[PDB]
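Reviewing the structure listed below.
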Amino acid sequence: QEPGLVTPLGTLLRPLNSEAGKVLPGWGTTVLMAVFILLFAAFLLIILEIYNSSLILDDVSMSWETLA
Amino acid sequence: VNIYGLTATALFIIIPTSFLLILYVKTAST
Amino acid sequence: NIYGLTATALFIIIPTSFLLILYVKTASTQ
Amino acid sequence: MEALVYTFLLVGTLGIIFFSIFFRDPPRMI
Amino acid sequence: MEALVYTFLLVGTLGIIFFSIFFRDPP
Amino acid sequence: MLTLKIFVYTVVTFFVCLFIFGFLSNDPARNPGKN
Amino acid sequence: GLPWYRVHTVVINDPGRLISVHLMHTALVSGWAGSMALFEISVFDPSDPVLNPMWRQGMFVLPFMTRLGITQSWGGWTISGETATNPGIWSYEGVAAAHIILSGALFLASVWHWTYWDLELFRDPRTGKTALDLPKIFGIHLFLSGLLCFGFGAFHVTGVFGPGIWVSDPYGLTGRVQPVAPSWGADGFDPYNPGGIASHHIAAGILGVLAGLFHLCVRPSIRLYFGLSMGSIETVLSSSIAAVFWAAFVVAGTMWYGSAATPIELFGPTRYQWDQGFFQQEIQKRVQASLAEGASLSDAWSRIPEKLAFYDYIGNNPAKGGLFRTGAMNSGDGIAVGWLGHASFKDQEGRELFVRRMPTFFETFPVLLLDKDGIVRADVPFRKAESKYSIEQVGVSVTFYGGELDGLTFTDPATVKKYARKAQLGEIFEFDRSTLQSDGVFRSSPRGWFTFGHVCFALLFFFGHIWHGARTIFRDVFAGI
Amino acid sequence: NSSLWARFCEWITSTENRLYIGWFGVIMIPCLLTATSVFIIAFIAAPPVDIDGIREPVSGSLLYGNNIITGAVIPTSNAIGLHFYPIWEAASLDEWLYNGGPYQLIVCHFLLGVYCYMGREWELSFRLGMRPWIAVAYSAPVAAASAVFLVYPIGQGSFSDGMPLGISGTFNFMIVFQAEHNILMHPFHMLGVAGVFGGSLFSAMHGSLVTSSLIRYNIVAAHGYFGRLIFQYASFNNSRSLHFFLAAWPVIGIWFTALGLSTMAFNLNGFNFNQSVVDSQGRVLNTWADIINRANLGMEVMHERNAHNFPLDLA
Amino acid sequence: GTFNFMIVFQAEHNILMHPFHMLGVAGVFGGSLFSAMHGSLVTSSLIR
Amino acid sequence: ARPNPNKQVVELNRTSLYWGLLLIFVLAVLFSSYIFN
Amino acid sequence: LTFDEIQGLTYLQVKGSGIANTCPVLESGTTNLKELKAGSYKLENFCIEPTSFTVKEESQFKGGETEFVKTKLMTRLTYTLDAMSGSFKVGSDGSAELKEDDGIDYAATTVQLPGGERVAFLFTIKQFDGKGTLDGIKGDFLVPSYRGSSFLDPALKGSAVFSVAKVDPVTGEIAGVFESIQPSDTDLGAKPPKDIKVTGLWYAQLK
Amino acid sequence: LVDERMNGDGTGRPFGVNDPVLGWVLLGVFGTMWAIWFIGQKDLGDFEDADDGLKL
Ligand SMILES: CCCCCCCCCCCCCCCCCC(=O)OC[C@H](CO[C@@H]1O[C@H](CO[C@H]2O[C@H](CO)[C@H](O)[C@H](O)[C@H]2O)[C@H](O)[C@H](O)[C@H]1O)OC(=O)CCCCCCCCCCCCCCCCC
Ligand code: CLA
Ligand code: CLA
Ligand code: CLA
Ligand code: CLA
Ligand code: CLA
Ligand SMILES: CCCCCCCCCCCCCCCC(=O)OC[C@H](CO[C@@H]1O[C@H](CS(=O)(=O)O)[C@@H](O)[C@H](O)[C@H]1O)OC(=O)CCCCCCCCCCCCCCC
Ligand SMILES: CC1=C(/C=C/C(C)=C/C=C/C(C)=C/C=C/C=C(C)/C=C/C=C(C)/C=C/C2=C(C)CCCC2(C)C)C(C)(C)CCC1
Ligand SMILES: CC1=C(/C=C/C(C)=C/C=C/C(C)=C/C=C/C=C(C)/C=C/C=C(C)/C=C/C2=C(C)CCCC2(C)C)C(C)(C)CCC1
Ligand SMILES: [Fe+2]
Ligand SMILES: [Fe+2]
């Protein structure tokens with residue numbers, strides 16, 4: 001149909017929204033994503049067990065008395 | 001401060017407003 | 001009682017007005 | 001409380017005036 | 001007036017039921 | 001408190017100058033008639 | 001036509017009107033924040049910050065404003081309890097007014113974006129049809145979020161440019177807004193450590209800006225693009241809802257169990273502090289130290305601040321409220337006005353008797369005065385029931401130490417029973433039950449209300465995530481089969 | 001292309017805008033919005049104002065135990081007199097509130113706004129090729145407002161004698177004015193009342209006659225009906241003449257009542273007929289004018305409770 | 001009144017530890033389960 | 001600025017109206033006693 | 001401005017400047033205060049100008065205590081006592097006496113304390129009689145009712161302390177600082193009176 | 001003096017200015033507007049001929 005409204009701000013940001021459907025052949029960088037997901041899961045387990053007193057460390061006290 | 005005054009004012013504001021909105025929507029749809 | 005009565009009145013009135021408006025919009029086009 | 005009710009009534013009246021001035025039905029075949 | 005509003009709500013529900021029974025739209 | 005006076009003076013002067021120079025901008029020829 | 005539950009799907013393929021409706025929602029949220037702040041300031045009573053804290057008056061938004069540094073008001077008072085000098089722009093009323101103005105501006109922007117929608121920005125240069133390059137928008141927005149997070153964690157909480165955050169001592173007696181130095185190391189993951197906030201925000205901002213740059217530069221793989229349906233916008237909604245209820249669970253859990261981000265001077269004590277006798281143990285240790293110093297009972301018990309004794313009271317326990325017991329705590333059992341003191345019960349023989357404290361889980365608990373070894377010595381029998389160890393038979397006498405009632409001893413069985421019932425709840429306090437026509441039944445803290453609301457929202461949003469993921473991963477059959 | 005000023009004046013003097021922003025509009029809009037904002041803020045919340053200048057203030061704000069009917073923006077303090085009292089002339093904003101600055105600010109901006117509104121009416125009449133005399137008709141309420149808010153304070157020497165911006169303020173001002181000047185007995189107030197009543201009468205009659213004659217642009221049958229009714233054949237058979245009379249009557253009435261107001265502003269009261277009918281011996285006989293005088297006397301004694309200190313109210 | 005009747009009944013007679021009440025509970029739960037399953041299957045097997 | 005193609009109208013038949021009214025009134029009946037306390 | 005400068009100005013120049021509310025300043029003279037010859041003098045042109053209007057108020061917080069807080073003035077100027085006349089006696093040893101007889105010895109005033117509460121009072125020193133050393137002379141004065149008995153709806157005493165700071169023996173013209181505490185408005189008995197503390201400067205021409 | 005004031009209500013200063021910055025602001029704003037109008041005057045049409053302008 002007819003071209004839409006043209007505005008200087010729209011033209012300024014036009015290059016950003018101009019690569020729809022743009023992909024890499026193959027699996028790309030999925031292995032790196034899996035590695036980072038595994039690392040994040042390990043870190044989440046760290047903090048969850050620390051907060052749950054199921055993983056006790058010398059420096060952390062996990063108590064209202066740590067506000068001292 | 002009485003409950004009667006506040007509830008009477010609220011009803012008088014709302015009920016005719018709802019009735020008028022009903023009629024206007026009926027007219028606009030047709 | 002003012003809080004509860006006001007809440008009950010609003011809950012009775014406003015959604016019923018919304019539903020009636022939608023129905024009257026629907027029923028206009030046979 | 002009552003001051004809030006008066007303020008709400010005045011604000012609603014002003015809003016109705018604004019909507020009537022701006023969101024009006026376009027006049028055709030005067 | 002709590003009994004009054006309880007009765008009004010119950011009567012409203014009964015009226016809705018009656019209207020649904022007898023004033024349903026045709027298929 | 002004098003800053004408020006400066007701001008008000010600036011605004012009033014700007015609007016009055018707009019009014020004055022508006023009517024000097026060939027206003028009588030803004031009519032829609034034929035002449 | 002669309003049924004009543006599909007009306008908001010008209011902007012599913014129109015970016016401009018989507019921006020407009022999201023702007024309208026943002027304006028509504030900001031307006032609610034401003035109006036709630038104004039109402040809270042209208043209702044708040046800053047007269048006494050010791051026995052009538054803000055968490056006692058059912059204040060919801062005020063603690064969140066105070067958490068980040070807003071400690072002054074245009075009314076001439078501070079949340080600490082001192083006269084306010086040069087309050088400045090950023091006061092409670094200032095914040096409320098700013099939020100209201102922002103809501104109005106967002107409303108105007110939403111109207112503009114709704115009116116003009118056919119922008120060339122949303123048109124694909126090749127095809128000429130409306131399209132969105134979802135990975136690149138995600139990259140930009142993640143970059144902005146990381147930048148803002150790093151700025152907040154490096155300039156606001158650290159006090160380098162901002163005002164800091166609220167920090168308090170372990171027992172919540174002397175707290176205020178302070179700069180918080182970052183704490184890198186094993187701690188910081190200690191939830192009750194304020195430095196964790198700064199360290200986390202700095203590190204997460206750095207990682208977020210790096211990830212934003214990556215997602216901005218690198219295009220997704222075709223296998224991942226088809227697998228996650230990156231071409232559709234509904235998968236974005238499902239993933240966002242997933243992250244949202246994850247965050248809701250995390251925040252509700254942090255609120256309920258307490259943390260450095262939820263100080264007890266702003267939201268109130270915790271259920272588990274009453275369960276484990278936190279304040280009771282602190283008070284006992286302090287009075288024992290004073291006694292061992294050489295002081296008597298009365299002066300040693302007088303050294304205990306009224307705030308600490310107020311915390312050791314079942315009324316402030318957030319787990320004693322009810323679902324429909326609405327309103328502030330002050331409407332529950334009156335306004336605290338003074339501390340009577342510590343009650344000591346002694347039988348005629350001379351043995352000191354200790355009243356068993358009611359567990360946080362019973363609505364009604366029988367009153368029992370136990371021995372030093374736990375053996376039952378006295379007890380008010382059930383109503384109009386034959387007894388063998390009643391107060392009258394045993395002859396229990398109560399004497400008070402410190403506080404309003406100091407050095408006064410009562411022997412009349414009626415007042416002894418009354419004070420035993422009072423001490424069953426913990427510390428005994430004088431209450432004004434006439435100002436607010438208080439019912440007499442405990443309400444719930446803002447902590448409990450926040451936790452309940454957010455857990456319910458998180459469950460509903462989990463269901464929403466399931467539904468929207470199902471819809472986005474089954475679009476071909478959901479097209480109207 | 002055209003310079004910046006050319007584009008700006010093309011935009012200002014454009015008939016395509018939803019609301020015409022005329023060259024009078026460029027002043028009308030800011031003044032009117034400023035007056036509206038200050039009036040709303042003062043009405044919603046403002047501390048009591050010392051109208052009488054005797055160290056006792058009166059409250060007229062909703063947040064100070066008032067409602068819509070009894071709320072008002074209290075006129076300026078008597079101690080100020082006719083002096084200009086802007087915000088920057090007060091030591092503190094609270095002092096400005098106490099002495100009654102907002103009333104003066106609102107009155108000044110509102111008068112400027114209405115004058116520029118009349119100007120804008122003329123301007124848009126000119127831009128559309130119309131005969132420009134709607135502003136002349138509009139001048140009558142403008143003149144009345146100027147006499148109420150400006151001329152009377154000038155004549156009486158203080159802004160505290162002006163009309164308060166409130167519903168109860170209007171009634172208090174009217175009772176005060178009748179007590180001090182006998183407004184009801186003035187020929188100009190009689191002409192204003194006649195103009196208002198005649199305006200209502202002619203409005204109702206014209207509406208009924210035109211609506212009845214709009215059968216399935218007014219036809220000549222309505223003229224025959226009117227001639228048969230009140231025995232005034234050929235009094236009004238020209239539509240232009242009839243509509244000109246409709247415009248002329250209330251405008252002239254309001255002009256004359258505003259002139260009477262401004263005349264009393266300079267202490268030129270209405271008719272005085274007390275102690276006129278006298279018995280042969282010399283005794284005075286009461287008349288309805290004397291009962292009006294008694295009512296005025298009752299109004300006058302309770303006029304200012306603690307403001308006067310001399311027997312005669314010269315102020 | 002219904003709640004009081006149920007509580008008093010459980011007090012006097014061990015309603016919960018009775019095989020017939022167990023079958024009643026199983027019947028109600030199975031009725032809800034099968035209603036949900038049948039509704040879902042039929043409404044999902046819908047043709048265009 | 002032009003006629004938006006994404007134009008649709010909401011409908012609500014009488015059965016839906018009855019269902020909604022019944023739901024509202026039943027919820028009010030259930031919760032009024034709790035709210036009045 | 002000194003007395004000569006004040007008297008050298010016409011009425012038109014002073015009007016609208018706020019000078020009429022000011023008090024003459026003693027530029028000349030000596031601060032030794034030992035050049036004031038002992039004796040009695042007729043004190044004339046006795047003028048007083050306050051500088052602060054602190055009022056005693058109960059602290060809003062429960063744990064607080066009553067304290068003197070600052071206020072904002074409402075009445076435009078009209079708070080300066082002037083044209084007072086009386087007698088002033090100074091002893092050779094160092095004792096001194098001050099007494100006020102007539103003049104404009106009172107002025108109604110209204111000040112708003114923080115929080116919005118405005119309190120009125122009658123700043124006055126009438127019938128003052130102080131005795132004491134040159135620095136630290138103390139006395140008391142009467143405070144009339146804020147309003148007369150004729151007022152309708154819709155005695156009290158206060159202390160003061162003067163202290164001469166500079167003296168000009170050739171032409172008199174003694175100047176100093178004063179402090180006083182007086183009760184607030186107590187009309188209609190609707191509220192207990194409050195205490196206002198006023199500090200300021202005082203000038204006098206004893207010749 | 002309790003506080004500070006402008007003290008210019010009844011002085012009758014010219015154009016209500018008591019500080020030179022006010023007069024400078026007046027002249028600056030007027031000069032800027034006049035300069036803009038002078039620059040834009042070319043688009044209003046020149047009335048160089050002796051008999052020109054709206055007339056009857
Ligand atoms: C409001 C009340 C205030 C208190 C009372 C004050 C009283 C003041 C009385 C004196 C000024 C009265 C001015 C009344 C407004 C009417 C101006 C006007 O119709 O003016 C119209 C005429 C038109 O001029 C003509 O304009 C023509 C068109 O020019 C155009 O075309 C030309 C080629 O043909 C050139 O290209 C030229 O560049 C281009 O602009 C020609 O140039 C003619 O040669 C030229 O004569 O202007 C001229 O009369 C010449 C300019 C007149 C004086 C203007 C003074 C402005 C202020 C100066 C100081 C400013 C300081 C600013 C400081 C900022 C920093 C702090
Ligand atoms: C110097 C480095 C540093 C430091 C000191 C911290 C410090 C902290 N981080 Mg941060 N963080 C960092 C770097 C750092 N972070 C980086 C580089 C990342 C990657 C971007 C993150 C990402 C991150 C996340 C995503 C979260 C933290 C959280 C935390 C806090 C952990 C303790 C806590 O509040 O309990 C948190 C206790 C937990 C148990 C965490 C919640 C996780 C559980 C497993 C999920 C809950 C169950 C789940 C919803 C399923 C529902 C089950 C239900 C039905 C029963 C603490 C303030 C957590 C936080 O602030 O929470 C308040 C948090 O959620 N950090
Ligand atoms: C300039 C912007 C600005 C500023 C400075 C404030 C400031 C404030 N707001 Mg307001 N607000 C704003 C805009 C702003 N607001 C807008 C635009 C809205 C509309 C949406 C609101 C709506 C709003 C409400 C409804 C409320 C506030 C409240 C507050 C106060 C508490 C601080 C806060 O937000 O809680 C702390 C902030 C958070 C906990 C946000 C957490 C963000 C999550 C964790 C992000 C996680 C997802 C993220 C994308 C993951 C990426 C990770 C990556 C970086 C690695 C504070 C005075 C509260 C208040 O006291 O009322 C006045 C309140 O109730 N605000
Ligand atoms: C999750 C968000 C949240 C949270 C935790 C709170 C928490 C609180 N609010 Mg706030 N509030 C909120 C959102 C929130 N509010 C919003 C969005 C509004 C705007 C509408 C308000 C407006 C508001 C006011 C005006 C007041 C509070 C007050 C309070 C306190 C009293 C507790 C309470 O609400 O009891 C009430 C709790 C319930 C009624 C529980 C609801 C249970 C279910 C969901 C109800 C379902 C009813 C259903 C629709 C059927 C209706 C039947 C019909 C007859 C009506 C508490 C600190 C009060 C206070 O103490 O502040 C001074 C107070 O005066 N709030
Ligand atoms: C990020 C949040 C989010 C967003 C943007 C959407 C957006 C959408 N949803 Mg999803 N949804 C969500 C959360 C969200 N939903 C959650 C949490 C649930 C679980 C409860 C659902 C369950 C759900 C279903 C089951 C369906 C949708 C549908 C839709 C679409 C139409 C909206 C609609 O129902 O018409 C507008 C809705 C109304 C006019 C009804 C509003 C009446 C509500 C119930 C009462 C009033 C609530 C109150 C005013 C505001 C509460 C605020 C609270 C959230 C804090 C739209 C794309 C529909 C769709 O497209 O499917 C084809 C659909 O069938 N959603
Ligand atoms: C009832 C649970 C449930 C169900 C049925 C679904 C179903 C779905 N999700 Mg959701 N989701 C859930 C929970 C659930 N999710 C939770 C808790 C989160 C975290 C907030 C998410 C986050 C999430 C995102 C971000 C996305 C989905 C998506 C999807 C869809 C595709 C499936 C997928 O991506 O893998 C689902 C994968 C899992 C449920 C994880 C498998 C179980 C793990 C491996 C176990 C790990 C346990 C480990 C040992 C730790 C032990 C902890 C112990 C110490 C306590 C589908 C509709 C995607 C989508 O919409 O597709 C278009 C999508 O983008 N989900
Ligand atoms: C607090 C908020 C308020 C709560 C109030 C709760 C009370 C109950 C409300 C029930 C609302 C029902 C709305 C929908 C009704 C409907 O669709 O009818 C559809 C049918 C159409 O049938 C057709 O109607 C034809 C006539 S006509 O077409 O309708 O003009 C006719 O030919 C024939 O009957 C048939 O062909 O309507 C009729 O048959 C007759 C018209 C009835 C119109 C509604 C009247 C409602 C009266 C309310 C009185 C309240 C007091 C009594 C309460 C018991
Ligand atoms: C991918 C992705 C994601 C994520 C991302 C992230 C966020 C990542 C992160 C990651 C991370 C952030 C990680 C971390 C980790 C950490 C760790 C792993 C640590 C460890 C530690 C340790 C091991 C230690 C030890 C010790 C101690 C304790 C002390 C002493 C010494 C020692 C050594 C012994 C998501 C899902 C979102 C989405 C999709 C995509
Ligand atoms: C325009 C503008 C303006 C104004 C503004 C304003 C004023 C605004 C407001 C706004 C507002 C004022 C808003 C509000 C909002 C509110 C809301 C939004 C609410 C909500 C609520 C809710 C949502 C709730 C819900 C619920 C309930 C009911 C209970 C519980 C449950 C639930 C959750 C369901 C001005 C001119 C000034 C300026 C410019 C701009
Ligand atoms: Fe007509
Ligand atoms: Fe079936």
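Starting from 1 in every chain, residues are counted up; chains themselves are A, B, ... following the order of the structure tokens, and ligands are numbered from 1 as listed.
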Neighbourhood of ligand 8 at 7 Å, counting only C-alpha atoms and all ligand atoms, reported as a count of residues only: 10
At most 10 Å from ligand 1 (only C-alpha atoms and all ligand atoms): residue list as a PyMOL selection string: (chain F and resi 13+16-17+20-21+24-25) or (chain L and resi 15+24-48)
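Put simply, atom 36 (C, counted along the ligand's line) of ligand 2 is 24.5 Å away from atom CA of residue G:163.
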Shell of 9 Å around ligand 11 (only C-alpha atoms and all ligand atoms), written as number ranges by chain: I: 38-39, 42
Please produce a file of the residues just selected, as a short mmCIF file (atom, residue, chain, number, x, y, z; two decimals), in the first residue's frame, where the atoms kept are C-alpha atoms.
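The resulting file, again-v8.cif, is shown below:
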```cif
data_model
loop_
_atom_site.label_atom_id
_atom_site.label_comp_id
_atom_site.auth_asym_id
_atom_site.auth_seq_id
_atom_site.Cartn_x
_atom_site.Cartn_y
_atom_site.Cartn_z
CA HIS I 38 -13.56 -35.60 28.55
CA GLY I 39 -14.14 -31.87 28.16
CA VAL I 42 -13.52 -33.29 22.99
#
```
Stretch 109-115 of chain K environment, 9 Å, only C-alpha atoms, sequence neighbours closer than 5 positions dropped, as a ChimeraX atom specification: /G:75-76 /H:55,94 /K:53-55,57,69-75,78-79,120-123
Okay, now the selection with N, CA, C and O atoms, as an mmCIF file, in the first residue's frame?
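Contents of out.cif, freshly written:
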```
data_model
loop_
_atom_site.group_PDB
_atom_site.id
_atom_site.type_symbol
_atom_site.label_atom_id
_atom_site.label_comp_id
_atom_site.auth_asym_id
_atom_site.auth_seq_id
_atom_site.Cartn_x
_atom_site.Cartn_y
_atom_site.Cartn_z
ATOM 1 N N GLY G 75 5.602 18.894 55.607
ATOM 2 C CA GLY G 75 4.879 19.223 56.814
ATOM 3 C C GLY G 75 5.736 19.571 58.005
ATOM 4 O O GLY G 75 5.201 19.880 59.072
ATOM 5 N N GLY G 76 7.057 19.529 57.859
ATOM 6 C CA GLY G 76 7.948 19.889 58.940
ATOM 7 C C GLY G 76 8.367 18.755 59.844
ATOM 8 O O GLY G 76 8.859 19.015 60.948
ATOM 9 N N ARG H 55 -7.597 42.158 61.647
ATOM 10 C CA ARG H 55 -6.920 41.028 62.279
ATOM 11 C C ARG H 55 -7.876 39.892 62.627
ATOM 12 O O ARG H 55 -7.668 39.177 63.608
ATOM 13 N N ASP H 94 3.256 32.762 52.299
ATOM 14 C CA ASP H 94 2.192 32.666 53.295
ATOM 15 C C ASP H 94 1.614 34.037 53.623
ATOM 16 O O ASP H 94 0.407 34.171 53.846
ATOM 17 N N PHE K 53 11.066 36.864 66.185
ATOM 18 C CA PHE K 53 9.763 36.666 66.812
ATOM 19 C C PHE K 53 9.574 35.200 67.188
ATOM 20 O O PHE K 53 8.556 34.581 66.879
ATOM 21 N N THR K 54 10.574 34.625 67.851
ATOM 22 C CA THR K 54 10.467 33.242 68.301
ATOM 23 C C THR K 54 9.314 33.090 69.284
ATOM 24 O O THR K 54 9.080 33.955 70.131
ATOM 25 N N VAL K 55 8.587 31.981 69.166
ATOM 26 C CA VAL K 55 7.443 31.701 70.026
ATOM 27 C C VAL K 55 7.653 30.350 70.694
ATOM 28 O O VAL K 55 8.195 29.423 70.083
ATOM 29 N N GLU K 57 6.535 26.846 71.798
ATOM 30 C CA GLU K 57 5.554 25.887 71.318
ATOM 31 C C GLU K 57 5.896 24.508 71.861
ATOM 32 O O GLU K 57 7.070 24.165 72.038
ATOM 33 N N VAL K 69 10.505 28.379 68.736
ATOM 34 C CA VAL K 69 10.660 28.142 67.308
ATOM 35 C C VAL K 69 10.456 29.449 66.557
ATOM 36 O O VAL K 69 9.782 30.370 67.032
ATOM 37 N N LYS K 70 11.056 29.520 65.371
ATOM 38 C CA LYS K 70 10.929 30.682 64.505
ATOM 39 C C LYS K 70 9.533 30.751 63.895
ATOM 40 O O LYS K 70 8.809 29.756 63.812
ATOM 41 N N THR K 71 9.157 31.953 63.462
ATOM 42 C CA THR K 71 7.860 32.186 62.845
ATOM 43 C C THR K 71 8.033 33.067 61.617
ATOM 44 O O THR K 71 9.076 33.691 61.413
ATOM 45 N N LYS K 72 6.987 33.106 60.798
ATOM 46 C CA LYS K 72 6.926 33.968 59.627
ATOM 47 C C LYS K 72 5.899 35.064 59.873
ATOM 48 O O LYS K 72 4.777 34.783 60.304
ATOM 49 N N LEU K 73 6.290 36.304 59.605
ATOM 50 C CA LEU K 73 5.438 37.451 59.881
ATOM 51 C C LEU K 73 4.351 37.590 58.822
ATOM 52 O O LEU K 73 4.588 37.363 57.633
ATOM 53 N N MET K 74 3.150 37.969 59.264
ATOM 54 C CA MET K 74 2.008 38.159 58.375
ATOM 55 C C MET K 74 1.716 39.632 58.110
ATOM 56 O O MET K 74 1.614 40.048 56.953
ATOM 57 N N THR K 75 1.561 40.427 59.163
ATOM 58 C CA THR K 75 1.250 41.838 58.984
ATOM 59 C C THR K 75 2.427 42.561 58.344
ATOM 60 O O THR K 75 3.559 42.475 58.825
ATOM 61 N N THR K 78 4.363 47.338 60.277
ATOM 62 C CA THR K 78 3.500 47.700 61.412
ATOM 63 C C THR K 78 3.799 46.876 62.664
ATOM 64 O O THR K 78 2.911 46.297 63.292
ATOM 65 N N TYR K 79 5.082 46.839 63.044
ATOM 66 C CA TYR K 79 5.463 46.166 64.280
ATOM 67 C C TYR K 79 6.519 46.937 65.068
ATOM 68 O O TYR K 79 7.174 46.353 65.939
ATOM 69 N N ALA K 120 -1.772 35.379 67.031
ATOM 70 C CA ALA K 120 -1.735 36.826 67.146
ATOM 71 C C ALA K 120 -1.314 37.219 68.554
ATOM 72 O O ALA K 120 -1.375 36.415 69.487
ATOM 73 N N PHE K 121 -0.869 38.461 68.693
ATOM 74 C CA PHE K 121 -0.487 39.005 69.988
ATOM 75 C C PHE K 121 -0.372 40.517 69.860
ATOM 76 O O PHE K 121 -0.594 41.091 68.790
ATOM 77 N N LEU K 122 -0.021 41.161 70.971
ATOM 78 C CA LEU K 122 0.070 42.615 71.060
ATOM 79 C C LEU K 122 1.455 42.955 71.596
ATOM 80 O O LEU K 122 1.662 43.000 72.811
ATOM 81 N N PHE K 123 2.403 43.188 70.691
ATOM 82 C CA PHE K 123 3.764 43.524 71.091
ATOM 83 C C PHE K 123 3.751 44.891 71.761
ATOM 84 O O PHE K 123 3.462 45.903 71.116
#
```
Test item: residues at most 8 Å from stretch 62-66 of chain K, only C-alpha atoms, excluding those fewer than 3 positions along its chain, as a ChimeraX atom specification: /G:47-48 /K:56-59
Could you turn the residues from that selection into a file that holds N, CA, C and O atoms, as a compact mmCIF listing (two decimals), in the first residue's frame?
```txt
# COMPACT_ATOMS: atom_id res chain seq x y z
N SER G 47 3.60 11.50 64.94
CA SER G 47 3.79 12.01 66.29
C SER G 47 4.78 11.15 67.08
O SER G 47 5.73 11.67 67.67
N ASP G 48 4.56 9.84 67.10
CA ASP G 48 5.40 8.94 67.89
C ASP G 48 6.00 7.88 66.97
O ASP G 48 5.26 7.02 66.45
N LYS K 56 7.25 30.25 71.96
CA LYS K 56 7.33 28.97 72.66
C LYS K 56 6.19 28.06 72.22
O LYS K 56 5.02 28.45 72.26
N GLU K 57 6.54 26.85 71.80
CA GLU K 57 5.55 25.89 71.32
C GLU K 57 5.90 24.51 71.86
O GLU K 57 7.07 24.17 72.04
N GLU K 58 4.86 23.73 72.14
CA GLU K 58 5.03 22.34 72.55
C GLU K 58 5.44 21.50 71.35
O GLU K 58 4.87 21.64 70.26
N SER K 59 6.43 20.64 71.54
CA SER K 59 6.91 19.80 70.45
C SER K 59 5.81 18.85 69.99
O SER K 59 5.09 18.26 70.81
```
Neighbour list for residue F:30 as a VMD selection string, cut-off 10 Å, only C-alpha atoms, skip fewer than 5 positions in-chain: (chain F and resid 25) or (chain H and resid 10 13 to 14 126 to 127)
Dump C-alpha atoms for the selected residues as a compact mmCIF listing (two decimals), in the first residue's frame?
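Here's the written file out-v3.txt:
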```
# COMPACT_ATOMS: atom_id res chain seq x y z
CA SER F 25 2.25 42.03 9.96
CA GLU H 10 0.27 32.02 9.19
CA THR H 13 -4.07 33.53 11.94
CA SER H 14 -5.29 30.18 10.59
CA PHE H 126 -13.44 39.38 10.45
CA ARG H 127 -11.59 36.30 9.19
```
Selection as a list in words: residues within 7 Å of ligand 6 by only C-alpha atoms and all ligand atoms: residues 45 of chain A; 228, 229, 235, 238, 239, 242, 243, 245, 246, 465, 466, 469, 470, 472 and 473 of chain G
Distance in Å - atom 61 (O, counted along the ligand's line) of ligand 3 versus atom CA of residue G:32: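 Separating atom 61 (O, counted along the ligand's line) of ligand 3 from atom CA of residue G:32 is a distance of 8.5 Å.
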All residues having an atom within 12 Å of ligand 9 (only C-alpha atoms and all ligand atoms) as JSON, numbers by chain: {"C": [6, 7, 8, 10, 11, 14], "D": [7, 8, 11, 12, 14, 15], "G": [24, 25, 26, 27, 28, 29, 30, 31, 32, 33, 34, 35, 36, 37, 38, 39, 96, 97, 98, 99, 100, 101, 102, 103, 104, 105, 106, 107, 108, 109, 110, 111, 449, 450, 452, 453, 454, 456, 457], "H": [33, 36, 37, 40, 41]}
